[PDB]
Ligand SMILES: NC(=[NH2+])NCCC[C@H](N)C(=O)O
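Only one chain is shown below, in structure tokens, and it's the form deposited without this ligand.
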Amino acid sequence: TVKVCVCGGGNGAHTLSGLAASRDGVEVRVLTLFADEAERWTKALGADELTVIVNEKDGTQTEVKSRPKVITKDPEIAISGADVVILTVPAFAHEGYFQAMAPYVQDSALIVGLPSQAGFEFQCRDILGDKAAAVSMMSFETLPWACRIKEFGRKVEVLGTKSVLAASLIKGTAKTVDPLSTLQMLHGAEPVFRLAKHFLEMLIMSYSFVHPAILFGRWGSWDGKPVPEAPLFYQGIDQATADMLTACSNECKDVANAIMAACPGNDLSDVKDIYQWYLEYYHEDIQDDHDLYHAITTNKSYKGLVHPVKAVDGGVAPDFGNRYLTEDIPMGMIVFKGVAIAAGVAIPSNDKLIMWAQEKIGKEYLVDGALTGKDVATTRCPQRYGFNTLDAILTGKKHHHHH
């Protein structure tokens, strides 16, 4: 019997729990720490089965029904004896789960982020301590499905599923269950999983600069006058915004080349141009592909998507404060900046977007080119935990002097 613990209670947690518990020879436990969310789930389900509805390529639908072993808020019941532990939640909630699992997790456990976002490995090392050198750490690029809850604790719907997906791995001293084949078994036929070359490859290929750049391109020098309706979002960019994206992508390459030269034996060669990425994955949907401006604006998958807005005098105005900036900056752009400082590489285009975005949400992280901001302790940069060198970033070990 393979024992699995799922952490969370949203769209992603509903889908994963239902599919995994339907497999022969698997036992599933659910843990959530958001007030009394676990008691609410148990009461709504009762004696019935959980249902997952899957939309197929034909136009037909398939139903899956199962029942988990236990749903609780107690970490002693959920974590003890588990072979795999998987986190599927927004990034600001990760700190709480690492603290709760610490006294109960076994040496041979496999810890997975689905999705991890940026700074996942640094945080795990700080909280678990010496134990972090025994276990293994696995990080995925994004969520496997597009999904939404229909009825709390009872029903969830899958709108689509990716064809392929990739993940990185750091191995410890203890022997675990095989990472690639075990994860494939839980999900089914699709998506087909593969392994990436390095964990720092996965970190920077996040392209954290994308959404902040699109918002800056349209509202950067706004005078304060309203518009008739909500304008297009990806398909509404200008040539100047396209040149901004190219410059930020070039800076990602400069950082990767500097690490390989200073620390031989670390393979970061699969880090690529953003223009190369678009043509490899979106080829069937693009009408005209001769440059980056035409590749984005003529993409069929971006049809009809608009900016977030709100009602004002004589029209509409941009609505800030959702999650485009509150997650992508402290859990993304700021982490990349910390790595660049340690390598000694300047990044002027990335710096400009950071200073503008932090002011719009009322926070402070970067001051005069240094990480000394008022809210610096709420980020995931390596310097926050005391990892100040490239050797410390790679291994997790700190240097000591001798008299």
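The first residue of the sequence shown is number 1, and the count goes up from there.
The discussion below concerns the form solved in complex with this ligand, not included here.
- Looking at this ligand in the deposited complex, residues 218, 351 and 356 place no heavy atom within 4.5 Å of it.
- Among 320, 104, 234, 275, the residue placing a heavy atom within 4.5 Å of this ligand in the deposited complex is 234.
- Listed residues 248, 205, 85, 186 were compared with this ligand in the deposited complex; 205 is the one with a heavy atom within 4.5 Å.
- The closest heavy atom approach of residue 180 to this ligand in the deposited complex falls outside 4.5 Å.
- Under a 4.5 angstroms non-hydrogen atom cutoff, this ligand in the deposited complex has residue 211 among its neighbouring residues.
- In the deposited complex, this ligand sits within 4.5 Å of a heavy atom of residue 302.
- Along 121-154, a non-hydrogen atom within 4.5 Å of this ligand in the deposited complex is carried only by 141.
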